[PDB]
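[1] experimental structure and its sequence below.
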Amino acid sequence: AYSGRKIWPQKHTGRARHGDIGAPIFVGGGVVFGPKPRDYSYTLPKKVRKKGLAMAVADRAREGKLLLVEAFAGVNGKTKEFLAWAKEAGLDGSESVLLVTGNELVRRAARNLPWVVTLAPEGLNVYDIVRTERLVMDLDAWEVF
Amino acid sequence: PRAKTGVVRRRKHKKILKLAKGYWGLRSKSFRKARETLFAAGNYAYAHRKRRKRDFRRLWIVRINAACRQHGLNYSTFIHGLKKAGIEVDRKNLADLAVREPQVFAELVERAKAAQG
Amino acid sequence: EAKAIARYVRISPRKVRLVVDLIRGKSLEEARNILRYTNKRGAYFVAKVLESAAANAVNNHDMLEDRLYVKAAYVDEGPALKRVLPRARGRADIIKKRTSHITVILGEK
Amino acid sequence: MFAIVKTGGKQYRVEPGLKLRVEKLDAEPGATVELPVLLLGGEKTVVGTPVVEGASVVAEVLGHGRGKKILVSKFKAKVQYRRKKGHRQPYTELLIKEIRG
Amino acid sequence: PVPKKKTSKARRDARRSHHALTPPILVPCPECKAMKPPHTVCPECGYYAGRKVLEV
Amino acid sequence: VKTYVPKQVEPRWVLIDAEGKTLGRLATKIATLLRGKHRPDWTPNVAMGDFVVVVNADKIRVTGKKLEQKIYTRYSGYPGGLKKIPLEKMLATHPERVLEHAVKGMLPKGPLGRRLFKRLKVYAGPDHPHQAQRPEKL
RNA sequence: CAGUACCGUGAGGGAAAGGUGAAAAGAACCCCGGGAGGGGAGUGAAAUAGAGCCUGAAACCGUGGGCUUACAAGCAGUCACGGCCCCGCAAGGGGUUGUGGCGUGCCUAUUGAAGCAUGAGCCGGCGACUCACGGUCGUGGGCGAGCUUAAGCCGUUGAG
RNA sequence: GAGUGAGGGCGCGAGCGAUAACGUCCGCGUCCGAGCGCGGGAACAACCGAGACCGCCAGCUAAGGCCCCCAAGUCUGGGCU
RNA sequence: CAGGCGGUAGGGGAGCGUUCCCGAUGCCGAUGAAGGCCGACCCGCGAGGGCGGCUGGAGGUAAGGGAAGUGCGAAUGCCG
């Protein structure tokens, strides 16, 4: 704060000791380093970006996985109709699920995917699947060789 | 992420407040003060534990020697009158059978003593 | 039921106290008079007080003079106005001014 | 009339069928009629004889009707910043019902 | 000189009980009802001696 | 929960004394008699006991050679002076007064010590006025 | 409505001070009346809703209540039988205290404390080793003679 | 992975000192400190005993005690004060 | 079941109390979140946790564990 730089007396002083106008004693003075924009940059690899979901879904297949690897629904751009294949398939907002659709097509379509996935590109979101269940894929190749 | 103070402390010292009701000076209106009594009152309440028992105890002791001297006999050796007997009991508290209906004790003299012949 | 007020003063609340315990437990008569005719501040005020008190309490509250007993009041204090005191070597001779407060009450006989 | 014996470092006496407390001791609720030994009686309307023990071939009908309850206490060190409490207390307490001998 | 502590309210009312307001006095009057105090003048009863305000 | 509180007592009464009572020596177990010795209901907190006296107490069992061999002094001075008096003195000054002291040395104390004392009639009668009992024990 | 009040001589230096409500709808009227500051009424879901008004604790306030007290000695509180006013049919639960017992506190220093060796206004409220990076022993692990890629580039709402 | 030498009281060996000090240096033993929580000690950490969560209107004994202010024979002698 | 248990610094075991995360297009919630005054029941050795009443006036975040400007009587401290 470029403080008034040094101030009061000594010996006597306002009884209370001091010299440094940094006064880290009030609700506006210096203190300590609690945060730091350094939200710390730690991480890992793909040598695990794999194994994880492996064992997970297996048991999530004992749940009811499946995944046409590529299925229609209709206008692939009109939300409703997509779900029309939700029912003509066997799903309904309850036990949650997700999926990978590498095409803008159903993307610029699935719009608001509550209780559901609506992916397309690739980032991987296992977690949210935890709060969900079943699912579908875009070719084993799309997942990654 | 941010964090402050708030209400925590007061509570921790409010406990005292409640336990302090009835005390005199600051000991009835202070966290560091009443705190400082939870120590006196505290330790002395508990502590006064051995105290309280140590009280009602010997209290028995005398009232006992008191009228036992009436019938004649007296403590120490008296207790013996019990030993030379055949067992030993009464928890000098029960020895209240002198408070209400003592001639009960009377025989007890005849008891203890008689072992010496 | 025979009541008024006693707040928003400019001075010493403890100086009132006994002025009331002086005329507590009495009756409308007692107080109104005696004290009204008793020097040393307080008077000129507690006065206008009792006038409005039972004036309405015997208005939009319908009471009865003469019988209105002197319940009591609420010996209490108020706010202040700040002003420091100069001195030798411009020291710290400081203060303000305690105003006063308290309550007004009598009843139906 | 009165009567007397004990219950583990605690000598008691009674009259008819009263009961309050004296810690806890095994044997389910008060569905049983448990009873130990004794020593004197009550020099009055019926007696006048203690002697060596007395609990020889003689006991006392101590009814049950359990009601075991968890009480409370309250501790803390206290000295010179060595008051390390963080520990109140309870203690046992059984509720049953006597009879006699 | 100078002390070093804080005042006690106990001693508060203690030494100040003798402050129990000692109320003034008063008496009757003649004509109307100017119940005046030991030697005074008021137009509530006027009087009948020297001559001040009014009487009836 | 045995208590012992009988709900009051109302102390006893008795009488005694003669040229053959060893002053002081007796004292001790004397008061230890009033408070409520024979008083079973004796709940140390309450103040029972009796109500006793000592007539022809003047000069009673002159004890031993305490005479001249003891200066009953406890009256502390103020400017630099208190009191003294030995045996061949007090023995004189209110014989009753005297005896009082001898014991006064040890005695009990507190709201209780005080009360159990109230009843301390003595002197050198015999015959204890304002009486209303006195089962004297030799 | 502060870089102001303000303190300065310059430089300089620096304050306090957000919160009625859905809507001011912001008080009509008439008896206290010095304007002030009152009571009613009304609006008003809400006046323990009205202008240092949000909700409003705490130090400091007694009205007024209840239990205490003028032989009396004390870190004071405690433990004890007892009595003394609310509540439970009962069991008791209470509040307080008589006396009796019992009682050297508290926060910092050191052969050595309670201590007139310091500090302690008082209550509230703010207050102190993360973390970066860097070094280095353990821990669930995976790979495991093998075991780990920066700075970018497509791409990432996001992610990658 | 941390304290660490600013210890001292007692007793003994022993040097200091006017067998001068609740002192100094060591040794050592010691326990206080760190056991100012017991108890005795009349009141007083370092001297003796005794080393610590419940409940106790429970009992046995060591230090240590039995006229008083509070506990248990003004016991028994048998003398000697 | 023998045992252990005072114990300054130090060094372990946890647990507890204390503000963002997803859970939060899940769930209480005006027959109330939240503050509170009160609670003399229950659960917590404790940490506390409750747990229910009356004043209280607009939101809360489950199990879980994932992050920590706190776990503040005080320093003749800052301030009010």
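    It's in. Residues are numbered from 1 along each chain as shown, chains lettered A, B, ... in the order given.

[2] contacts, neighbours, all on C-alpha from now
    OK.

[3] buried residues, stretch F:78-94. List them.
    Within stretch F:78-94, the residues scored as buried using 16 or more other Cα atoms under 10 Å in any protein chain shown are F:87, F:89, F:90, F:91.

[4] mind checking how far stretch C:42-58 is from the chain centre?
    9 Å (Cα atoms, centre = their mean, to the nearest Å).

[5] what about it and chain E, touching?
    No: for stretch C:42-58, no contact with chain E is found by Cα under 8 Å from any Cα of the partner chain; the gap never falls below 11.8 Å.

[6] do that stretch and RNA strand G come into contact?
    Yes: Stretch C:42-58 is in contact with RNA strand G by Cα under 7 Å from any atom of the strand, via C:48, C:49, C:51, C:52, C:53, C:55, C:56, C:57.

[7] shouldn't the second one be in contact with residue C:31?
    No: shown here, residue C:49 and residue C:31 do not form a contact pair, counting by Cα atoms under 8 Å, at 11.7 Å.

[8] so which of those two has more stuff around it?
    residue C:31 (21 against 18; other Cα atoms under 10 Å in any protein chain shown).

[9] the more buried one: which element?
    helix C:28-36 (DSSP states H and E).

[10] that helix packs against which elements?
    In terms of contacts (3 or more Cα pairs under 8 Å, 6 or more residues apart in numbering or on different chains; DSSP states H and E), helix C:28-36 is packed against helix C:43-57, strand C:69-73.

[11] quick one: residues in contact with that helix.
    Residues from elsewhere that reach helix C:28-36 (Cα atoms under 8 Å, 6 or more residues apart in numbering or on different chains): C:23, C:43-44, C:47, C:50, C:65-70, C:106, E:23-26.

[12] buried by neighbour count, from those residues: which ones?
    C:23, C:43, C:50, C:68, C:69, C:70, C:106.

[13] quick one: residues contacting the third one.
    Residue C:50 makes contacts with C:4, C:32, C:104, as judged by Cα under 8 Å, 6+ apart.

[14] so how far is residue C:33 from the spatially most central residue of chain E?
    In chain E, the residue lying closest to the centroid (Cα atoms, centre = their mean) is residue E:24, at 3.2 Å. Going from residue E:24 to residue C:33 by Cα to Cα, to the nearest Å gives 11 Å.

[15] for residue F:14, give me phi and psi.
    phi -180, psi 180 (degrees, to the nearest 10).

[16] got the phi/psi numbers for the one residue in chain D that gets nearest to chain E?
    Residue of chain D nearest chain E, by Cα to the nearest Cα: residue D:80 (24.1 Å). For residue D:80, the backbone dihedrals (degrees, to the nearest 10) come out as phi -150, psi 80.

[17] so how far is RNA strand G from it?
    For residue D:80, the distance to RNA strand G equals 4 Å [Cα to the nearest atom of the strand, to the nearest Å].

[18] residues near that residue, how many?
    With other Cα under 10 Å as criterion, residue D:80 counts 8.

[19] with residue D:47 instead?
    For residue D:47, the count of nearby residues is 12 (other Cα under 10 Å).

[20] for residue B:3, same thing?
    6.

[21] what of the one 5 residues further on?
    Using other Cα under 10 Å, residue B:8 is surrounded by 8 other residues.

[22] same check on residue F:109?
    11.

[23] now the helices for chain E?
    Under the criterion DSSP state H, chain E contains helices at E:10-15.

[24] OK, contacts around the closest residue to RNA strand H within chain F?
    Across chain F, no residue is closer to RNA strand H than residue F:1, which sits at 2.7 Å (Cα to the nearest atom of the strand). Residues near residue F:1 by Cα under 8 Å, 6+ apart: none.

[25] what helix or strand does it sit in?
    Residue F:1 belongs to no helix or strand, assigned by DSSP H and E.

[26] for residue D:37, see how far away it is.
    In terms of Cα to Cα, residue F:1 sits 22 Å off from residue D:37.

[27] most residues in a single helix of chain B, which one?
    Max-length helix for chain B by DSSP H is helix B:31-71.

[28] quick one: that one near chain F?
    Yes: Helix B:31-71 comes into contact with chain F (Cα under 8 Å from any Cα), by way of B:59, B:63, B:64, B:66, B:67, B:70.

[29] so which other helices or strands are in contact with that helix?
    Helices and strands touching helix B:31-71, by 3+ Cα pairs under 8 Å, 6+ apart, are helix B:8-20, helix B:91-94.

[30] just want the most central residue of chain B.
    Geometric middle of chain B (Cα atoms, centre = their mean) lands on residue B:53, at 2.0 Å.

[31] could you measure from that one over to residue D:15?
    25 Å.

[32] any chance you could map the helices in chain D?
    Counting by DSSP H, chain D contains no helices.

[33] can you name the residues of it sitting close to RNA strand I?
    D:70, D:71, D:74, D:75, D:82, D:85, D:86, D:87, D:88, D:89, D:90.

[34] repeat the analysis, applying 10 Å as the threshold.
    D:69-77, D:80-91 (Cα under 10 Å from any atom of the strand).

[35] may I see the PyMOL selection of the buried members of those?
    The buried residues among those can be selected in PyMOL (16+ other Cα under 10 Å) with this line:
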select buried, chain D and resi 75+76+77
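
[36] residues in contact with residue C:73?
    C:20, C:24, C:102, C:103, C:104, C:105.

[37] which one among those gets closest to chain F?
    Using Cα to the nearest Cα, these come closest to chain F at residue C:24, 39.3 Å.

[38] what about that closest one, neighbour count?
    So residue C:24, with other Cα under 10 Å, has 18 neighbours.

[39] also the one 4 residues further on?
    For residue C:28, the neighbour count with other Cα under 10 Å is 21.

[40] could you measure it against RNA strand G, distance?
    From residue C:28 to RNA strand G the distance is 14 Å (Cα to the nearest atom of the strand).

[41] please report how far that residue lies from residue C:80.
    Taken as Cα to Cα, the span from residue C:28 to residue C:80 is 32 Å.

[42] check contacts around residue 74.
    You didn't say which chain, so I picked chain A. A:81, A:82.

[43] oops, chain C please
    Contacts of residue C:74 (Cα under 8 Å, 6+ apart): C:101, C:102, C:103, C:104.

[44] and residue F:90, its phi and psi?
    Main-chain dihedrals, residue F:90, degrees, to the nearest 10: phi -50, psi -50.

[45] which non-adjacent residue is nearest it?
    residue F:98 (5.5 Å; Cα to Cα, 6 or more residues apart in numbering or on different chains).

[46] in this structure that neighbour contacts residue F:91, no?
    Yes: applying Cα under 8 Å as the test, residue F:98 and residue F:91 come out as touching, 5.9 Å apart.

[47] still on that earlier bit, which one of the buried ones among the contacts of helix C:28-36 is nearest to residue A:14?
    Closest approach to residue A:14 among those (Cα to Cα): residue C:43, at 45.7 Å.

[48] how close does the closest one sit to chain F?
    50 Å (Cα to the nearest Cα, to the nearest Å).

[49] leaving out the residues flanking it, which one is nearest to that residue?
    Spatial nearest neighbour of residue C:43, chain neighbours left out: residue C:36 (5.4 Å); criterion: Cα to Cα, 6+ apart.

[50] and what about the residue of chain C found nearest RNA strand I, helix, strand or coil?
    Nearest residue of chain C to RNA strand I: residue C:82, at 12.0 Å (Cα to the nearest atom of the strand). Counting by DSSP: H, G, I helix; E, B strand; the rest coil, the backbone at residue C:82 sits in coil.

[51] from what I see, it and residue C:99 are in contact.
    No: using Cα under 8 Å, residue C:82 is not in contact with residue C:99, being 11.7 Å away.

[52] which one of the two has more residues nearby?
    residue C:99 (18 against 9).

[53] look up how far chain E lies from the residue nearest to the spatial centre of chain C.
    In chain C, the residue lying closest to the centroid (Cα atoms, centre = their mean) is residue C:46, at 4.6 Å. Computed as Cα to the nearest Cα, the residue C:46 to chain E distance reads 15 Å.
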